[PDB]
Amino acid sequence: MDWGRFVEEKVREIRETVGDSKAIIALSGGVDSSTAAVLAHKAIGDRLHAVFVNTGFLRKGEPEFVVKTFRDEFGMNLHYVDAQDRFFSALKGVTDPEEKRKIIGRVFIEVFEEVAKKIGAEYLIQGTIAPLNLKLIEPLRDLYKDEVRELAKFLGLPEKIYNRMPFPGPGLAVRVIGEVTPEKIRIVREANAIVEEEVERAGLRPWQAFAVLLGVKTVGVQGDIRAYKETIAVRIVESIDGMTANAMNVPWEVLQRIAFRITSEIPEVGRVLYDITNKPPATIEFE
Amino acid sequence: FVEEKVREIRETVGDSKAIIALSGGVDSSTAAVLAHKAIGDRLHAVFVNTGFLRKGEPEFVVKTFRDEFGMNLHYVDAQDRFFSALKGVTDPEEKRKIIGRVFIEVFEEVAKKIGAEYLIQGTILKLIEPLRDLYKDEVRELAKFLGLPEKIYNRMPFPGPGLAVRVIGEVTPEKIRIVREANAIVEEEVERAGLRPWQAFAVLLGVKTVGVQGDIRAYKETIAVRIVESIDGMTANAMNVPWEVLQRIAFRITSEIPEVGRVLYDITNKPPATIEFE
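Below, the structure written as structure tokens:
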């Protein structure tokens, strides 16, 4: 393979296509969109407008990391969009998993379209890989997943991105069973951070590792009196590419640390359960 | 000791009839055998099938006390009454309160027909408590000496409300059936693997999810497996169960109980969590 040649030719292609016009891209923080953004940025510089939407369902430290990486370090013309209120308000009273995803998808498009109209770009860059009135450009169209990761590394993207575990577009909203509220998202966000921290501390490299707020209540104690507490499910799986996946045989000490930290550092949680179901028969997420 | 207590009971009861509630627990069982050796045919044991007992449990109790020990055993099928009384009840406290109220109504109903004058209780009508001076460990030894099955004197504790508190939310016949089957799988695999925990059981969580086979839009149930080690039950730790055993439990539950599509294992100690979920 020759990545230097690939980059030179692809950057040239984007330049010849865009000309002096503006191009826009949705920056999700994922490896695909990140890689496509870097190629487009090398091609047209400030004429590339990278739009990053904070949905309110991102992981701890994620928004800050994306801004630091793309605005500060890569110097991209980034549009940080805080749309948290729109997403949370739109989900009020919605408990059905499918409906939640539908609403989140609709609001994301509404937000992106609103910002895009102000930008007035003529081209839309997408990180589509092999595996708005805008002309489409897909720089990674002929590349497979493993190749995109190699390219991302070659382009100087952080390992935190090219080796990241996949994370759903609706984010933490699908990690909360039932109605999505700021409090539930706060709890699962902290629990998720603990899960990832313990997996990292033990040098484990699973396909996915996350926490889910089940909605099931258990009787705990806060001060010196009984109170209802939440239940968190921990999901850690091993997989080649998600086709099938096995619940991971996590060292007991790691599971103990996760359970201890979640219930001690997040007083609102009183019980932690570990998912031991493979795929098949189960899905990886809890939807 | 046996000769002494049997003598005391025989002197207290005289030629009157006595009644005792058989729960299947070591305490009531041991007290029942002592009372039976004392007044034989004048002891009337009462077994109430609440509808929340474990798989094969009712049959075991009847076979053990009525056939094996030859006691007068009044079997009461009150499943319908308990399920009706719990219809729509979600609060754990109310479930326990209602089950207690119904048990009494059912028991007092059967006690009237017997016409007993003494009530035998396994506390550790006139009351008779032959084990009021014995501790948990002592009662177990006595049970062994009396000839009670190991399945009883060494059995894990099981709550009065039974499987009703092993179902989060409203209790219904179908939910109890599902958790009864899951519970049997958990106990079977834990025993087969040589595990000897304080308690090992299954809980129907109420949370539902879709799977990746067959009708992928059909929401299925979730079972939580609870296995803990404890000395006294005051403090306990989630057990470090061998992975292959947990995998077998998950496989059997989803393969044998089509209604369940997800299995979770509780990894929380006590404190901060309770052993039972409700």
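Protein chains in written order, with the deposited numbering: chain A, 1 to 131, 153 to 308; chain B, 6 to 129, 155 to 308. All residues carry an ideal CB built from backbone N, CA and C; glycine is no exception.
Chain B beta carbons: is any one of them nearer than 7 Å to that of residue i?
| i | result |
| --- | --- |
| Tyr249 (chain A) | no |
| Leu225 (chain A) | no |
| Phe307 (chain A) | yes |
| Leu294 (chain A) | yes |
| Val237 (chain A) | yes |
| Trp273 (chain A) | yes |
| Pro302 (chain A) | yes |
| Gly29 (chain A) | no |
| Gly241 (chain A) | yes |
| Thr95 (chain A) | no |
| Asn184 (chain A) | no |
| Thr284 (chain A) | yes |
| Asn77 (chain A) | no |
| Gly199 (chain A) | no |
| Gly192 (chain A) | no |
For the beta strand (DSSP E) that contains residue i, what are its first and last residues?
| i | result |
| --- | --- |
| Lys250 (chain A) | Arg247 to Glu259 |
| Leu78 (chain B) | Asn77 to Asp82 |
| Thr239 (chain A) | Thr239 to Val242 |
| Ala26 (chain B) | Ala23 to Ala26 |
| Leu39 (chain A) | Careful: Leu39 (chain A) lies outside any beta strand (DSSP E), inside the alpha helix (DSSP H) at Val31 to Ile44. |
| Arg292 (chain A) | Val290 to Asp296 |
| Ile125 (chain A) | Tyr123 to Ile125 |
So, are the CB atoms of residue i and residue j less than 7 Å apart?
| i | j | result |
| --- | --- | --- |
| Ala40 (chain A) | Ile125 (chain A) | yes |
| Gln229 (chain A) | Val255 (chain A) | no |
| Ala90 (chain B) | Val107 (chain B) | yes |
| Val38 (chain B) | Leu176 (chain B) | yes |
| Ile44 (chain B) | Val18 (chain B) | yes |
| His79 (chain B) | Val115 (chain B) | yes |
| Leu193 (chain B) | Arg210 (chain B) | yes |
| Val216 (chain A) | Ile287 (chain A) | no |
| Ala173 (chain A) | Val111 (chain A) | no |
| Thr239 (chain A) | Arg185 (chain A) | no |
| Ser33 (chain B) | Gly127 (chain B) | yes |
| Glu274 (chain A) | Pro97 (chain A) | no |
| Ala50 (chain B) | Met76 (chain B) | yes |
| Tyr295 (chain B) | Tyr295 (chain A) | yes |
| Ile297 (chain A) | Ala212 (chain A) | no |
| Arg86 (chain B) | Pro191 (chain B) | no |
| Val237 (chain B) | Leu161 (chain A) | no |
| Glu306 (chain A) | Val195 (chain A) | yes |
| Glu204 (chain B) | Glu251 (chain B) | no |
From the DSSP output, in three-state form, read off residue i for me.
| i | result |
| --- | --- |
| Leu176 (chain B) | helix |
| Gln229 (chain A) | strand |
| residue 151 (chain A) | Residue 151 (chain A) falls within a stretch that is absent from the model, since chain A runs 131 to 153 with no residues between. |
| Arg162 (chain A) | coil |
| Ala194 (chain A) | helix |
| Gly105 (chain A) | helix |
| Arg185 (chain A) | coil |
| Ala130 (chain A) | coil |
| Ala223 (chain A) | coil |
| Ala212 (chain A) | helix |
State the start and end residues of the unbroken alpha helix (DSSP H) segment that holds residue i.
| i | result |
| --- | --- |
| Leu48 (chain A) | Segment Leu48 to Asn54 is the beta strand (DSSP E) holding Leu48 (chain A); no alpha helix (DSSP H) there. |
| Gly4 (chain A) | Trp3 to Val18 |
| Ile283 (chain A) | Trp273 to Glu286 |
| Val94 (chain B) | Segment: none, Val94 (chain B) is in no alpha helix (DSSP H) and carries neither H nor E. |
| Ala268 (chain B) | Looking at the DSSP string, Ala268 (chain B) is not in any alpha helix (DSSP H); the run it does join, the beta strand (DSSP E), is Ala266 to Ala268. |
| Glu62 (chain A) | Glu62 to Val67 |
Residue i CB to nearest chain A CB: under 7 Å?
| i | result |
| --- | --- |
| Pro288 (chain B) | no |
| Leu276 (chain B) | yes |
| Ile253 (chain B) | no |
| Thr265 (chain B) | no |
| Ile215 (chain B) | no |
| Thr298 (chain B) | yes |
| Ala280 (chain B) | yes |
| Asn270 (chain B) | yes |
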